[PDB]
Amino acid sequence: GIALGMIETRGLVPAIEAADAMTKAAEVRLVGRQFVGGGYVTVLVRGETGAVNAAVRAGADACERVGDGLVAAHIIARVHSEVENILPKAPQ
């Protein structure tokens, strides 16, 4: 499944809550957590479209009330193949 779900937070703690809520909500794989600069943190998941819709919704609801909270919650159901080149495949 190649849909992409992304949540961006202010700080790491809400990003970890978002990642947990996303991965518990539907069958998605956590492919990255990126320290963006300035305090933004982004967590990325992949899966089938329906799973990513459910996951991103659950992660937004969950992280909104944690720490400095939620910046963005967004889905792209099929990114262009060019965009794959900037997406992490595995987290570290």
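Just count from 1 along the sequence shown to find any residue number.
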Assert higher mean C-alpha B factor (40-48 or 58-66, deposited values) equals 58-66
Please work out which of 2-10 and 81-89 has the higher mean CA B-factor as recorded in the PDB entry. 81-89
Quick check on the deposited entry: does the C-alpha B-factor of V71 sit in the lowest, middle or highest third of its chain? lowest
Rank-wise, by C-alpha B-factor, drop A25 into the lowest, middle or highest third of its chain. highest
